[PDB]
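The same protein chain appears twice below, in two forms, each given on its own as structure tokens and labelled structure 1 and structure 2.
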Structure 1
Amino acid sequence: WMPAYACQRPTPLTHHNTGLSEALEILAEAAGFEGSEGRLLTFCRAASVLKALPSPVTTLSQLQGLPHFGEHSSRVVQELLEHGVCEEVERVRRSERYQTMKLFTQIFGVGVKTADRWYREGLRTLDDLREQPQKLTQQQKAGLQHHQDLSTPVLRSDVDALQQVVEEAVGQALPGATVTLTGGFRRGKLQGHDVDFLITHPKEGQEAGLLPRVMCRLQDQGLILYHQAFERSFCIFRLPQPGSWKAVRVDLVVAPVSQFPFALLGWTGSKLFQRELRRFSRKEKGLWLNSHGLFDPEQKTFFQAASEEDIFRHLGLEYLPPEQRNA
């Protein structure tokens, strides 16, 4: 009744089991902070199953037969159904480890391994990190300086303004080039932690060398607070606000038009949706999927796709619009 891969089922942005999925996602996050990738994936997948259900889970029997619910995930749900709280989840939430790893990994430039090393050195607060800049990269320095703004949700209102500004620079860098909104906003989210754009040009090959030209133009307009031949840029942008401005994370990616469907699919996400789709591709269909293409390793050939619809058809999956990829 419920297929086992998230790419086999529609997952809307808002759903009927918000509280249950949020709890499982706490345990998933905590597993990641400990390096337990398998447990992170199971808890993420169990959470996603609940997002795909057509109505609220009210009784434990409704978990019977659902993929990715075993003893542990089912006990979490049972406790939430019976008591409104799961003791394990609440213990994680208030733990010094969870709170500090979350605070540290939320920094742009800091991943689990860096956060964990700082944790073991006894560091606990952003001010702890500011006092020891000897230990910070230029990227991490930027992430820490801008941390407060970057912690403030980006709004869909902000996105339209940013896109016009990116389009202006893109059009000077390469007339005819296009800018497409991707990531969470393309899936219908009303706010986000960053804004994701995919850039291409209708004439194959004309996109070569494009992103340095775009970045130089944005920098000359005073709009770049931070950035690093390249085709992906992870920037911090200066975004107007009434009488002031705020820093916003923006990701720019260039793809040749031949690869655009694959890049659009990949950069539209969700992150879990894409991992599940690539796992499905490889394990169920024997095809290797990434944001550049879809490879048949028996015939040693790449599938040509003109659309995301083509890619779903290639993989034998019913098409899901971006708004239903919120796994």
Structure 2
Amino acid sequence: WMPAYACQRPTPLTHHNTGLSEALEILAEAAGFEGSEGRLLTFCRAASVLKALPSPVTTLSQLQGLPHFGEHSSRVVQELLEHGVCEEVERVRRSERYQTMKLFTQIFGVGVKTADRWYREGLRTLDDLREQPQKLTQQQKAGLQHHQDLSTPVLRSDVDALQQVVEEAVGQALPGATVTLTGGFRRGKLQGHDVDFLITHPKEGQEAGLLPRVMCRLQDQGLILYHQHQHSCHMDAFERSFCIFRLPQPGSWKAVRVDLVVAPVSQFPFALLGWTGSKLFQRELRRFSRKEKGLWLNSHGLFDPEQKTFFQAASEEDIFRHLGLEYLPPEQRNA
């Protein structure tokens, strides 16, 4: 028996159903490209269930009794088991609409709304974008300049090298300040497409003005190709810098997307939880909090809108406990 909420079950990094989950996730991604959030969620939930299964699915009988497996998701798995290929998935892969939306949404600073607008305006290629630079934000221009590197998977060793320079800069600016790797790499991934670091200090307030000092140090060492600093107002209400680092390599260098976020230590457990992902895990964890416990969970806190009260967490463990969930370490949140 398989819990319906992704936050109520462990989902390891590696699993037995990658071909089936990948296919369902193509249909999910395509649905989101068309603005069908409902269909996206449905396909993502089906895929996530397969990632939690402790055995490979070899016959359609194994879908029986699983949550989130309606007719459409089931037919997709059936066709892959029976024919090795799913016609609908193959049509999506070959579609100009899907290929273009994937191309554009992968660029730094481009989301679905923008990509869809560009598609409707007749843009198809990266050179089409470069030919219309009046249409681009500074982030997008930087994303296009570095797109080859930025589409190259980031390795765990790259992440290690990056974490060292960030830690050096932080340590030199403010002794006692800490840097914590979050995102998929904290969940144990060996490759990824960007790198996220969360920065805090044990004495609330000592972190004020730290981020610009860190970026100054890194910029002076030649490690920064692009930097956009943003003051506080899902991590958008924290002070943050959107960066492209120039990562040295032997006789060469590679551009790498890195976000740095500063959180006051009181909000650190919530920021860490939020930014550790996976995207589906956190979506479901927030849904659970709201639907089951009537609490609003976000990257800054856990709030009862009716009592106007906040929960003081010291750790991620505290948050799970308060919600009545068994704790899952980051490597089991790969939903």
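Structure 1 provides the reference sequence; residues are numbered from 1 along it. The term rigid core refers to the maximal set of C-alpha atoms that superpose within 1.5 Å between the two forms.
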Which of these two, 1 or 2, is the form solved in complex with the DNA? 1
For the list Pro54, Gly70, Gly35, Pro297, which one shows a CA move of 2 Å or more between structure 1 and structure 2 after the core is fit? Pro297
How about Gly188 - superposed on the rigid core, does its CA move between structure 1 and structure 2 by 2 Å or more? no
Any CA movement of 2 Å or more for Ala208 between structure 1 and structure 2, core superposed? yes
Taking the rigid core as fixed, quantify in angstrom how much the C-alpha of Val257 shifts between structure 1 and structure 2. 0.9
Could you tell me the distance the CA of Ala169 travels between structure 1 and structure 2 after a rigid core superposition, in angstrom? 1.7
